[PDB]
4 protein chains.
Amino acid sequence: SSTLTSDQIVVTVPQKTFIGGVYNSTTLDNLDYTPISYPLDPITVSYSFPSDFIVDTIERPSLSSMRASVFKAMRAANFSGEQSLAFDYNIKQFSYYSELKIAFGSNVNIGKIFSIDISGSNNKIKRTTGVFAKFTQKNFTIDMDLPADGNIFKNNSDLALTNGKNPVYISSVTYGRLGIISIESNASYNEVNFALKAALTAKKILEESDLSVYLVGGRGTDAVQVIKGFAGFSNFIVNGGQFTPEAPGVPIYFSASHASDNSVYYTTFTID
Amino acid sequence: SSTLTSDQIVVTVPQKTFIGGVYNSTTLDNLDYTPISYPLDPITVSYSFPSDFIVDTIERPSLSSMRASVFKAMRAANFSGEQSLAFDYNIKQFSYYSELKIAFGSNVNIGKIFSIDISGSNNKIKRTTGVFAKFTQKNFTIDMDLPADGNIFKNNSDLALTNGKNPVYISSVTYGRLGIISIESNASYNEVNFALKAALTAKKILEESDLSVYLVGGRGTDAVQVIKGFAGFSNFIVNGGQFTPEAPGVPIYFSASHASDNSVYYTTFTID
Amino acid sequence: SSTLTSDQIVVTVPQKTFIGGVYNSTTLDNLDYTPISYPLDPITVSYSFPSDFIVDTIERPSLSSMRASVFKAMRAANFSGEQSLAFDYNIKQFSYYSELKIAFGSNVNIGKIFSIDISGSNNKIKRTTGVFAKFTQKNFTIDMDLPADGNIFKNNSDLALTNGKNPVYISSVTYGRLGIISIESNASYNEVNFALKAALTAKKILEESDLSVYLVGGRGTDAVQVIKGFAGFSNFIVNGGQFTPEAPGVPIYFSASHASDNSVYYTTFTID
Amino acid sequence: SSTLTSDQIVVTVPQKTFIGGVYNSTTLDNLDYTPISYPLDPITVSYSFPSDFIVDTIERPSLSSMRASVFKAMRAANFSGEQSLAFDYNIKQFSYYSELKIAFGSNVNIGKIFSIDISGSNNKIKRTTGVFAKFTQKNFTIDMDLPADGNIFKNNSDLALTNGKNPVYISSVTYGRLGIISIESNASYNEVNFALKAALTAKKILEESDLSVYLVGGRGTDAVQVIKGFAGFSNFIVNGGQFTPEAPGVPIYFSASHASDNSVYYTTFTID
Ligand SMILES: [Ca+2]
Ligand SMILES: [Ca+2]
Ligand SMILES: [Ca+2]
Ligand SMILES: [Ca+2]
């Protein structure tokens, strides 16, 4: 029905979403992740949060190296997690599940995010109205410097070999928490949104409506209290605003570059 | 009736679901697990949780090696289990048992998960309405780095031999807790869901309905209290949110890769 | 009337259900246990519970070796029994005794589990309605690594000799507690289930109904209190949730592998 | 519908918005970022905030170098964050989403800033009236001195090579916090603005209206309290006015120069 382009791609495979990973763009749009196996020059990475250890060098770009560097940087002295990078929060209405990927911002498997069936005629909401409140807090980012020679490859000649398989290397990874409290009801949206806002900022619709809660990151003790009612979600948001070495966060978003002109990559996702 | 594809396959055989295990894809879809017996290069693994011991090397990928590495990593100093990875929770409606595998996310033996008969005309629920509340908390993951040479095999020539038997190696394993409180009743869903939500967030339908509770992982002391009523399940969820070395968790989900292009593997399960 | 296939076979002969035991599949389906007498390569075993002693090596697979290894592993330091592996609990209805083996999950001798006669026309319940509440707590498992050379035999040539007698070696053994409180009554199921649930979560039907209690494992002091009423069974479940070296548990379930392709074995049991 | 030119471009890619970065102007207007890979002379940078370490020299202009220099300058002695650089705050009305980029000041992806769809006929607001209160606090800036020889390149001859690809180097980067509390309602603007101003400076419209909150920078503890109501946003503004080394701020605005005559660059963005 529509197509959307975004530069901040959502983290669908954490095993393969690491700094310096090179992947084909068509595969990323398809939601696959096909790596381009070629040696890379040593890369330089920097951290948004202030600490005595910000600049790091990685000889071999790998997820283990990225995780170890993040751990040591956040364990370094003079580290402050009091300031975050961004905090988005919105209560919107959805009538299809395929359009719920707009909230995430890129191509996602909603059928696995929420234990539902979407294929076929089930893309429409079972109930009458579908509302959802979503929040996304970005604490810090790891960003990688552009290549000194203009090519990320170590031989500087694999670009000619990689024709047809468009190289695209991950340049940035965003760490933070995410949460959605999707609600399906048979009442009117004017009252469903009123009840949702009252519950979040403080009766029968919220008790007769279908709930679908999905949380990424954050304190587990606060996250598990969501089942206790609508105060649990607001406590999961209010608490844990400041990130600590104990609770760094889970990679939620990542940015990509074209590996040829080193420009930014815009993923494309279609919504029906 | 329908087919679904998912990248996070559910752990059906814990004995064979270990990091680096190579298995045929057709067998995994069939729910069998046929290993590809061939030497593998030493692998590098990383842990989602922050600790002084994150990066590990495994010469021979095996379940005992994975378990020992997980134990030593979680016993290492500067370990924090306060932050989890994900927390999904939903109360949905099911009218068949074969479609209950949507909640798990992959092909499962519901006939062995719940002590029922599904084969034949028994796939439909015995009672009128079937509801179920399910929760899944993912605490941490072990993820393995992509091969440096692009091939996971140690001879780099077994790929030619393994034609027809599509190699697929386990790249990630998810640790966490899972729980379902499936309920069958003769009343209306509008009241059954209301009663379930009231019991979880706080009378005759819940006492005259058929119960089916299935829990994976978590504290045993909290899990055994589920039989005491509906407060036991909510206490099993609320308590044990933060994972500790005493209670690491049971592997619930795992991701797979194609071992030829090192892309992600999407398992396929049909629902009738 | 129906046939069922399951991968988690129930422990019918504890003397012969040990890790590494090789038995014919036809015999296991028949409920016999015919060993395949052939030397085996040394095997590696791992334990689900966290302890300083997880990985063990067994030169000669035997029940005494398995028991000694389990004892020493659970007596090792840094052992935590606070987390279990699974906890299933369901209150179902049965109208035949042959179909009561669905609750166990494999072929069992119900005629010896409950001191009744099933052969002939006695397979039906004597009373009008038959209900049963069953619980199964799995604390930990011992699992054995796949053979390095792909063959479990020590000569690597006994596979050719073992044709017709399909080799099947036990790969995993599950330790835990089990319990069933089978009830036969002349009233309606809608009231029998109500009374059972009220008694378990807290009058004449439960006192005029026929009782059949079967418990495997758990604390003996709590198990013997079942005869005192319906609070004894709920106390046997609530207490002893956390397993200790004093009360490890009895092998209740075991998994098997085909010893040729090392795939998982699915036992088949028919229900009439 | 209209075109606007501004000299303070908004930070859309923090990974590529660093001091000394050279990018094509057409790409910046397109919202792409294509770097001009050429060696640069060592640059001199200065900091708006008063500290013992103000003047810095950067041999290789990179994001990691800029971040490290900012960290060390703000950690230097005799640093005062009591005085900021600017504080803009306005409550305006918007009837389209494409015109909401006027508040930011340059070309932005409103479709990713707010989880909405804009492409096609959805550019209009779903509700009747659209109001928004926005605040932007600029604490300090890093500014780079003009080249001594009049050319930023290190060979002083790459200007002839870079014809057609108009070089444009980032000269200044603004650090600060930003926030918008966009509101959609069905009432009249005369009452919606009244309610918004009363809530910010202190009932049914604000509870039945659709909320869209977007915050960049600032204290996370204060930012997460926005969900609690309208006092959270006013507390996020009132608190954290003075910037500290613990909470420096996120780059929100940057200025650019033409790299040929060293004049200021005016980006152009169209609004429909
Ligand atoms: Ca290079
Ligand atoms: Ca290899
Ligand atoms: Ca052998
Ligand atoms: Ca120059």
# chains A, B, ... in the order shown; residues from 1 in each chain; ligands from 1
$ residues_around --residues "range 70-87 of chain B" --least-positions-apart "5" --cutoff "7 Å" --atoms "only C-alpha atoms" --output "list in words"
residues 214, 215, 216, 217, 218, 219, 220, 223, 246, 247 and 250 of chain A; 49, 50, 51, 52, 53, 54, 136, 137, 138, 139, 140, 242, 243, 244 and 245 of chain B; 50 of chain C
$ write_last_selection --atoms "N, CA and C atoms" --output "mmCIF file, in the first residue's frame"
data_model
loop_
_atom_site.group_PDB
_atom_site.id
_atom_site.type_symbol
_atom_site.label_atom_id
_atom_site.label_comp_id
_atom_site.auth_asym_id
_atom_site.auth_seq_id
_atom_site.Cartn_x
_atom_site.Cartn_y
_atom_site.Cartn_z
ATOM 1 N N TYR A 214 5.196 -5.678 25.002
ATOM 2 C CA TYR A 214 6.502 -6.110 24.513
ATOM 3 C C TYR A 214 7.551 -5.118 24.983
ATOM 4 N N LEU A 215 8.532 -5.605 25.739
ATOM 5 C CA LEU A 215 9.586 -4.772 26.300
ATOM 6 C C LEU A 215 10.949 -5.307 25.883
ATOM 7 N N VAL A 216 11.837 -4.397 25.493
ATOM 8 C CA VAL A 216 13.221 -4.714 25.161
ATOM 9 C C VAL A 216 14.110 -3.910 26.096
ATOM 10 N N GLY A 217 14.983 -4.601 26.821
ATOM 11 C CA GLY A 217 15.895 -3.941 27.726
ATOM 12 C C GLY A 217 15.227 -3.468 29.004
ATOM 13 N N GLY A 218 15.984 -2.681 29.762
ATOM 14 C CA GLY A 218 15.504 -2.155 31.022
ATOM 15 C C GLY A 218 15.686 -3.139 32.160
ATOM 16 N N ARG A 219 15.351 -2.672 33.359
ATOM 17 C CA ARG A 219 15.464 -3.507 34.547
ATOM 18 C C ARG A 219 14.441 -4.633 34.494
ATOM 19 N N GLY A 220 14.901 -5.861 34.738
ATOM 20 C CA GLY A 220 13.989 -6.992 34.739
ATOM 21 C C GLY A 220 12.981 -6.930 35.869
ATOM 22 N N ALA A 223 10.411 -4.599 34.720
ATOM 23 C CA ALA A 223 9.702 -5.107 33.551
ATOM 24 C C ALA A 223 8.678 -6.166 33.933
ATOM 25 N N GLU A 246 25.695 -1.625 35.346
ATOM 26 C CA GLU A 246 24.917 -2.820 35.656
ATOM 27 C C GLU A 246 23.840 -3.069 34.605
ATOM 28 N N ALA A 247 23.220 -2.005 34.094
ATOM 29 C CA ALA A 247 22.168 -2.103 33.083
ATOM 30 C C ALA A 247 22.520 -1.208 31.901
ATOM 31 N N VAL A 250 20.145 -2.745 25.512
ATOM 32 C CA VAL A 250 20.212 -3.694 24.405
ATOM 33 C C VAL A 250 20.231 -2.908 23.099
ATOM 34 N N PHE B 49 25.035 -10.458 28.909
ATOM 35 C CA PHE B 49 25.150 -9.857 30.227
ATOM 36 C C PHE B 49 26.541 -9.251 30.427
ATOM 37 N N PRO B 50 26.636 -8.156 31.182
ATOM 38 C CA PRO B 50 27.947 -7.544 31.442
ATOM 39 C C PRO B 50 28.693 -8.304 32.531
ATOM 40 N N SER B 51 29.931 -8.690 32.231
ATOM 41 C CA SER B 51 30.771 -9.389 33.192
ATOM 42 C C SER B 51 32.226 -9.227 32.778
ATOM 43 N N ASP B 52 33.127 -9.517 33.722
ATOM 44 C CA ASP B 52 34.552 -9.470 33.417
ATOM 45 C C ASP B 52 34.969 -10.549 32.428
ATOM 46 N N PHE B 53 34.140 -11.571 32.232
ATOM 47 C CA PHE B 53 34.422 -12.662 31.304
ATOM 48 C C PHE B 53 33.261 -12.738 30.318
ATOM 49 N N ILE B 54 33.444 -12.145 29.142
ATOM 50 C CA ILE B 54 32.434 -12.125 28.094
ATOM 51 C C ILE B 54 32.870 -12.950 26.890
ATOM 52 N N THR B 136 7.147 -14.589 28.459
ATOM 53 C CA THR B 136 8.468 -15.074 28.068
ATOM 54 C C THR B 136 9.483 -13.987 28.391
ATOM 55 N N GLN B 137 10.380 -14.269 29.331
ATOM 56 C CA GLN B 137 11.428 -13.338 29.723
ATOM 57 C C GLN B 137 12.768 -13.885 29.253
ATOM 58 N N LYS B 138 13.463 -13.117 28.420
ATOM 59 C CA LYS B 138 14.792 -13.470 27.943
ATOM 60 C C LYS B 138 15.813 -12.648 28.717
ATOM 61 N N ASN B 139 16.661 -13.332 29.488
ATOM 62 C CA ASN B 139 17.626 -12.645 30.341
ATOM 63 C C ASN B 139 18.901 -12.291 29.586
ATOM 64 N N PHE B 140 19.487 -13.260 28.888
ATOM 65 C CA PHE B 140 20.740 -13.035 28.182
ATOM 66 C C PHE B 140 20.839 -14.033 27.038
ATOM 67 N N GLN B 242 15.036 -10.544 38.028
ATOM 68 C CA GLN B 242 16.480 -10.415 37.910
ATOM 69 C C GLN B 242 17.115 -11.795 38.017
ATOM 70 N N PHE B 243 17.920 -12.153 37.022
ATOM 71 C CA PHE B 243 18.573 -13.452 37.005
ATOM 72 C C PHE B 243 19.915 -13.384 37.722
ATOM 73 N N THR B 244 20.279 -14.493 38.347
ATOM 74 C CA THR B 244 21.456 -14.617 39.190
ATOM 75 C C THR B 244 22.232 -15.856 38.778
ATOM 76 N N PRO B 245 23.498 -15.974 39.194
ATOM 77 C CA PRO B 245 24.226 -17.228 38.939
ATOM 78 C C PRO B 245 23.543 -18.447 39.533
ATOM 79 N N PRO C 50 23.706 -25.489 37.911
ATOM 80 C CA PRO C 50 25.017 -24.829 37.988
ATOM 81 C C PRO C 50 25.816 -25.345 39.176
#
$ select_by_dssp --residues "range 26-145 of chain B" --states "alpha helix (DSSP H)" --output "PyMOL selection string"
chain B and resi 26-30+63-75+101-104+110-113
$ residues_near_ligand --ligand "ligand 3" --cutoff "6 Å" --atoms "only C-alpha atoms and all ligand atoms" --output "list in words"
residues 41, 149, 151, 152, 153, 154 and 156 of chain C
$ write_last_selection --atoms "N, CA, C and O atoms" --output "PDB file, in the first residue's frame"
ATOM      1  N   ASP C  41      32.787 -45.966  23.187  1.00  0.00           N
ATOM      2  CA  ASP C  41      33.815 -44.969  23.422  1.00  0.00           C
ATOM      3  C   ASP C  41      33.502 -44.186  24.696  1.00  0.00           C
ATOM      4  O   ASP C  41      32.338 -44.087  25.099  1.00  0.00           O
ATOM      5  N   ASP C 149      33.556 -38.762  16.501  1.00  0.00           N
ATOM      6  CA  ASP C 149      33.699 -39.436  15.219  1.00  0.00           C
ATOM      7  C   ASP C 149      32.362 -39.764  14.567  1.00  0.00           C
ATOM      8  O   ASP C 149      32.348 -40.346  13.478  1.00  0.00           O
ATOM      9  N   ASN C 151      30.150 -41.906  15.630  1.00  0.00           N
ATOM     10  CA  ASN C 151      29.699 -43.234  16.025  1.00  0.00           C
ATOM     11  C   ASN C 151      29.988 -43.430  17.505  1.00  0.00           C
ATOM     12  O   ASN C 151      31.103 -43.165  17.963  1.00  0.00           O
ATOM     13  N   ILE C 152      28.982 -43.893  18.250  1.00  0.00           N
ATOM     14  CA  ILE C 152      29.160 -44.097  19.683  1.00  0.00           C
ATOM     15  C   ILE C 152      29.939 -45.369  19.996  1.00  0.00           C
ATOM     16  O   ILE C 152      30.506 -45.484  21.090  1.00  0.00           O
ATOM     17  N   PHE C 153      29.996 -46.320  19.070  1.00  0.00           N
ATOM     18  CA  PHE C 153      30.686 -47.570  19.340  1.00  0.00           C
ATOM     19  C   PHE C 153      32.195 -47.342  19.378  1.00  0.00           C
ATOM     20  O   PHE C 153      32.721 -46.385  18.804  1.00  0.00           O
ATOM     21  N   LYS C 154      32.897 -48.244  20.064  1.00  0.00           N
ATOM     22  CA  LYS C 154      34.331 -48.091  20.258  1.00  0.00           C
ATOM     23  C   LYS C 154      35.144 -48.683  19.113  1.00  0.00           C
ATOM     24  O   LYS C 154      36.258 -48.213  18.851  1.00  0.00           O
ATOM     25  N   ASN C 156      33.819 -48.699  15.946  1.00  0.00           N
ATOM     26  CA  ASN C 156      33.303 -47.973  14.788  1.00  0.00           C
ATOM     27  C   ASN C 156      32.873 -48.894  13.653  1.00  0.00           C
ATOM     28  O   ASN C 156      32.635 -48.424  12.534  1.00  0.00           O
TER      29      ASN C 156
END
$ atom_distance --atom1 "CA of residue 30 in chain B" --atom2 "CA of residue 10 in chain B"
13.1 Å
$ residues_around --residues "residue 107 in chain C" --least-positions-apart "5" --cutoff "12 Å" --atoms "only C-alpha atoms" --output "VMD selection string"
chain C and resid 3 to 13 27 to 32 98 to 102 113 253 267 to 271
$ write_last_selection --atoms "N, CA, C and O atoms" --output "CSV table (one decimal), in the first residue's frame"
chain,number,residue,atom,x,y,z
C,3,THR,N,-2.6,-43.5,17.7
C,3,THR,CA,-1.2,-43.7,17.9
C,3,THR,C,-0.5,-42.3,18.2
C,3,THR,O,-1.0,-41.3,17.6
C,4,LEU,N,0.4,-42.3,19.1
C,4,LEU,CA,1.1,-41.1,19.4
C,4,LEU,C,2.6,-41.3,19.4
C,4,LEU,O,3.1,-42.4,19.8
C,5,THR,N,3.4,-40.3,19.0
C,5,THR,CA,4.8,-40.3,19.0
C,5,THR,C,5.4,-39.2,19.9
C,5,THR,O,4.9,-38.1,19.8
C,6,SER,N,6.3,-39.6,20.7
C,6,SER,CA,6.9,-38.6,21.7
C,6,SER,C,8.4,-38.9,21.7
C,6,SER,O,8.9,-40.0,21.6
C,7,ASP,N,9.2,-37.8,22.0
C,7,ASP,CA,10.6,-37.9,22.1
C,7,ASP,C,11.1,-38.1,23.5
C,7,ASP,O,12.2,-38.6,23.7
C,8,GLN,N,10.3,-37.7,24.5
C,8,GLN,CA,10.7,-37.8,25.9
C,8,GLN,C,10.0,-39.1,26.5
C,8,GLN,O,8.9,-39.1,26.9
C,9,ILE,N,10.8,-40.2,26.5
C,9,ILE,CA,10.2,-41.5,26.9
C,9,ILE,C,10.2,-41.5,28.4
C,9,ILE,O,11.1,-41.0,29.1
C,10,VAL,N,9.2,-42.2,29.0
C,10,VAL,CA,9.1,-42.2,30.5
C,10,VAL,C,10.0,-43.4,31.0
C,10,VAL,O,10.2,-44.4,30.3
C,11,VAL,N,10.4,-43.2,32.2
C,11,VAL,CA,11.4,-44.1,32.8
C,11,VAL,C,10.6,-45.3,33.4
C,11,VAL,O,9.9,-45.1,34.4
C,12,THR,N,10.6,-46.4,32.7
C,12,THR,CA,9.8,-47.6,33.2
C,12,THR,C,10.7,-48.6,33.9
C,12,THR,O,10.2,-49.2,34.9
C,13,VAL,N,12.0,-48.7,33.5
C,13,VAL,CA,12.9,-49.6,34.2
C,13,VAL,C,14.1,-48.7,34.6
C,13,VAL,O,15.0,-48.4,33.8
C,27,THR,N,12.1,-53.0,21.1
C,27,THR,CA,11.9,-53.4,22.4
C,27,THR,C,11.4,-52.3,23.3
C,27,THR,O,10.6,-52.5,24.2
C,28,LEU,N,12.0,-51.1,23.1
C,28,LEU,CA,11.5,-49.9,23.9
C,28,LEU,C,10.0,-49.6,23.7
C,28,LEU,O,9.3,-49.3,24.6
C,29,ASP,N,9.6,-49.7,22.4
C,29,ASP,CA,8.2,-49.5,22.1
C,29,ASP,C,7.3,-50.6,22.7
C,29,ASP,O,6.2,-50.4,23.2
C,30,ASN,N,7.8,-51.9,22.6
C,30,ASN,CA,7.2,-53.0,23.3
C,30,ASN,C,7.2,-52.9,24.8
C,30,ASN,O,6.5,-53.7,25.4
C,31,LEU,N,8.0,-52.0,25.4
C,31,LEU,CA,8.2,-51.8,26.8
C,31,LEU,C,9.2,-52.8,27.4
C,31,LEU,O,9.4,-52.8,28.6
C,32,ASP,N,9.8,-53.6,26.5
C,32,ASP,CA,11.0,-54.4,26.9
C,32,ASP,C,12.2,-53.5,26.8
C,32,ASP,O,12.2,-52.4,26.4
C,98,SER,N,-6.5,-46.8,29.6
C,98,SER,CA,-5.5,-46.9,28.5
C,98,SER,C,-5.1,-45.5,28.1
C,98,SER,O,-3.9,-45.3,27.7
C,99,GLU,N,-6.0,-44.6,28.1
C,99,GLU,CA,-5.7,-43.2,27.7
C,99,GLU,C,-5.1,-42.4,28.8
C,99,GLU,O,-4.6,-41.2,28.6
C,100,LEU,N,-5.0,-42.9,30.0
C,100,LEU,CA,-4.3,-42.2,31.1
C,100,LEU,C,-2.8,-42.2,30.9
C,100,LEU,O,-2.1,-41.4,31.5
C,101,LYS,N,-2.2,-43.0,30.0
C,101,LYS,CA,-0.8,-42.9,29.6
C,101,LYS,C,-0.5,-41.7,28.9
C,101,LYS,O,0.7,-41.4,28.7
C,102,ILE,N,-1.4,-40.9,28.3
C,102,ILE,CA,-1.2,-39.6,27.7
C,102,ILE,C,-0.6,-38.7,28.8
C,102,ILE,O,0.3,-37.9,28.4
C,113,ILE,N,0.8,-49.2,37.8
C,113,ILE,CA,0.8,-47.9,38.4
C,113,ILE,C,-0.3,-47.8,39.4
C,113,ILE,O,-0.1,-47.3,40.5
C,253,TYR,N,12.1,-39.0,33.1
C,253,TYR,CA,12.1,-39.0,31.6
C,253,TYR,C,13.5,-39.1,31.1
C,253,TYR,O,14.5,-38.8,31.7
C,267,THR,N,9.6,-42.4,20.2
C,267,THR,CA,8.9,-43.6,20.6
C,267,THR,C,7.4,-43.5,20.2
C,267,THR,O,6.9,-42.4,20.1
C,268,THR,N,6.8,-44.6,19.9
C,268,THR,CA,5.4,-44.7,19.5
C,268,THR,C,4.6,-45.6,20.4
C,268,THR,O,5.0,-46.7,20.7
C,269,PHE,N,3.5,-45.0,20.9
C,269,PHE,CA,2.6,-45.8,21.8
C,269,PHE,C,1.2,-45.6,21.3
C,269,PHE,O,0.7,-44.5,20.9
C,270,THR,N,0.4,-46.7,21.3
C,270,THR,CA,-1.0,-46.8,20.8
C,270,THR,C,-1.9,-46.8,22.0
C,270,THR,O,-1.6,-47.4,23.1
C,271,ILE,N,-3.0,-46.1,21.9
C,271,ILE,CA,-4.0,-45.9,22.9
C,271,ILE,C,-5.4,-46.4,22.3
C,271,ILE,O,-5.8,-46.0,21.3
$ residues_around --residues "residue 25 in chain D" --least-positions-apart "4" --cutoff "7 Å" --atoms "only C-alpha atoms" --output "number ranges by chain"
D: 29, 166-168
$ write_last_selection --atoms "N, CA, C and O atoms" --output "tab-separated table (two decimals), in the first residue's frame"
chain	number	residue	atom	x	y	z
D	29	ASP	N	21.52	18.65	1.38
D	29	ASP	CA	20.15	19.09	1.11
D	29	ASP	C	19.24	17.89	0.87
D	29	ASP	O	18.10	17.87	1.34
D	166	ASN	N	30.51	19.78	-4.86
D	166	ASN	CA	30.77	20.99	-4.09
D	166	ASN	C	31.21	20.66	-2.67
D	166	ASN	O	30.41	20.17	-1.87
D	167	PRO	N	32.48	20.91	-2.32
D	167	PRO	CA	32.93	20.61	-0.96
D	167	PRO	C	32.28	21.55	0.04
D	167	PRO	O	32.14	22.75	-0.21
D	168	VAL	N	31.91	21.00	1.20
D	168	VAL	CA	31.32	21.78	2.28
D	168	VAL	C	31.74	21.15	3.61
D	168	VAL	O	31.35	20.02	3.92
$ select_by_dssp --residues "range 2-85 of chain B" --states "strand (DSSP E or B)" --output "VMD selection string"
chain B and resid 2 to 6 8 to 10 22 to 24 35 40 43 to 47 56 to 58 83
$ residues_near_ligand --ligand "ligand 2" --cutoff "12 Å" --atoms "only C-alpha atoms and all ligand atoms" --output "PyMOL selection string"
(chain A and resi 37) or (chain B and resi 38-43+146-159+259-260+262)
$ write_last_selection --atoms "N, CA and C atoms" --output "mmCIF file, in the first residue's frame"
data_model
loop_
_atom_site.group_PDB
_atom_site.id
_atom_site.type_symbol
_atom_site.label_atom_id
_atom_site.label_comp_id
_atom_site.auth_asym_id
_atom_site.auth_seq_id
_atom_site.Cartn_x
_atom_site.Cartn_y
_atom_site.Cartn_z
ATOM 1 N N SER A 37 32.228 -11.555 3.270
ATOM 2 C CA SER A 37 33.427 -12.067 3.929
ATOM 3 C C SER A 37 34.653 -11.505 3.224
ATOM 4 N N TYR B 38 31.331 -33.299 11.219
ATOM 5 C CA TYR B 38 32.512 -32.799 10.531
ATOM 6 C C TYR B 38 33.269 -31.891 11.482
ATOM 7 N N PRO B 39 34.602 -31.895 11.458
ATOM 8 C CA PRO B 39 35.356 -31.016 12.359
ATOM 9 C C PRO B 39 35.081 -29.549 12.068
ATOM 10 N N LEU B 40 35.071 -28.749 13.131
ATOM 11 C CA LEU B 40 34.793 -27.325 13.041
ATOM 12 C C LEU B 40 35.987 -26.526 13.541
ATOM 13 N N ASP B 41 36.172 -25.346 12.957
ATOM 14 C CA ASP B 41 37.196 -24.432 13.430
ATOM 15 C C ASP B 41 36.835 -23.921 14.824
ATOM 16 N N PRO B 42 37.832 -23.545 15.628
ATOM 17 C CA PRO B 42 37.532 -22.956 16.939
ATOM 18 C C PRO B 42 36.661 -21.717 16.794
ATOM 19 N N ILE B 43 35.666 -21.610 17.669
ATOM 20 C CA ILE B 43 34.650 -20.572 17.571
ATOM 21 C C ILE B 43 34.803 -19.602 18.732
ATOM 22 N N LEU B 146 30.936 -14.666 13.431
ATOM 23 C CA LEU B 146 30.984 -15.241 12.099
ATOM 24 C C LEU B 146 32.396 -15.740 11.790
ATOM 25 N N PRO B 147 32.521 -16.793 10.980
ATOM 26 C CA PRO B 147 33.852 -17.337 10.679
ATOM 27 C C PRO B 147 34.738 -16.306 9.992
ATOM 28 N N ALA B 148 36.021 -16.311 10.366
ATOM 29 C CA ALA B 148 36.972 -15.380 9.764
ATOM 30 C C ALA B 148 37.173 -15.669 8.282
ATOM 31 N N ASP B 149 37.262 -16.944 7.914
ATOM 32 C CA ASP B 149 37.454 -17.346 6.528
ATOM 33 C C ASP B 149 36.142 -17.514 5.773
ATOM 34 N N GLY B 150 35.004 -17.277 6.422
ATOM 35 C CA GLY B 150 33.712 -17.408 5.787
ATOM 36 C C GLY B 150 33.128 -18.804 5.807
ATOM 37 N N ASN B 151 33.873 -19.796 6.290
ATOM 38 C CA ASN B 151 33.398 -21.168 6.390
ATOM 39 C C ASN B 151 33.624 -21.666 7.807
ATOM 40 N N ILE B 152 32.585 -22.256 8.403
ATOM 41 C CA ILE B 152 32.704 -22.749 9.771
ATOM 42 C C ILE B 152 33.460 -24.069 9.848
ATOM 43 N N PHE B 153 33.549 -24.814 8.750
ATOM 44 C CA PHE B 153 34.219 -26.102 8.786
ATOM 45 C C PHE B 153 35.727 -25.909 8.927
ATOM 46 N N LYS B 154 36.393 -26.942 9.442
ATOM 47 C CA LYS B 154 37.820 -26.854 9.719
ATOM 48 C C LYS B 154 38.675 -27.212 8.510
ATOM 49 N N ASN B 155 38.147 -28.012 7.588
ATOM 50 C CA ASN B 155 38.848 -28.338 6.354
ATOM 51 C C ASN B 155 38.532 -27.374 5.220
ATOM 52 N N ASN B 156 37.481 -26.565 5.356
ATOM 53 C CA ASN B 156 37.017 -25.610 4.352
ATOM 54 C C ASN B 156 36.628 -26.276 3.037
ATOM 55 N N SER B 157 36.501 -27.603 3.021
ATOM 56 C CA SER B 157 36.100 -28.335 1.830
ATOM 57 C C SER B 157 34.898 -29.241 2.048
ATOM 58 N N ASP B 158 34.418 -29.390 3.285
ATOM 59 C CA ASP B 158 33.250 -30.218 3.556
ATOM 60 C C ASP B 158 31.957 -29.610 3.031
ATOM 61 N N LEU B 159 31.969 -28.336 2.631
ATOM 62 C CA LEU B 159 30.774 -27.737 2.041
ATOM 63 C C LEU B 159 30.403 -28.425 0.733
ATOM 64 N N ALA B 259 25.441 -21.709 7.004
ATOM 65 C CA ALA B 259 26.752 -22.354 6.932
ATOM 66 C C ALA B 259 27.387 -22.298 5.547
ATOM 67 N N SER B 260 26.710 -21.740 4.544
ATOM 68 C CA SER B 260 27.277 -21.572 3.212
ATOM 69 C C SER B 260 27.496 -20.102 2.882
ATOM 70 N N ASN B 262 26.492 -17.933 5.305
ATOM 71 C CA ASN B 262 26.443 -17.436 6.680
ATOM 72 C C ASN B 262 25.256 -16.511 6.928
#
$ residues_around --residues "residue 62 in chain B" --least-positions-apart "3" --cutoff "9 Å" --atoms "only C-alpha atoms" --output "list in words"
residues 16, 18, 19, 20, 21, 58, 65, 66 and 67 of chain B; 145 and 146 of chain C
$ residues_around --residues "residue 185 in chain B" --least-positions-apart "6" --cutoff "8 Å" --atoms "only C-alpha atoms" --output "tab-separated table (two decimals) with C-alpha atoms, in the first residue's frame"
chain	number	residue	atom	x	y	z
B	127	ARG	CA	-14.79	-26.66	25.79
B	128	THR	CA	-16.39	-23.65	24.09
B	129	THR	CA	-13.75	-20.92	24.47
B	130	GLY	CA	-10.00	-21.31	24.83
B	192	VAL	CA	-13.27	-15.22	30.42
B	205	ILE	CA	-15.63	-19.12	35.53
B	208	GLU	CA	-15.23	-24.10	36.77
B	209	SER	CA	-12.70	-23.80	33.93
B	210	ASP	CA	-10.07	-26.34	32.91
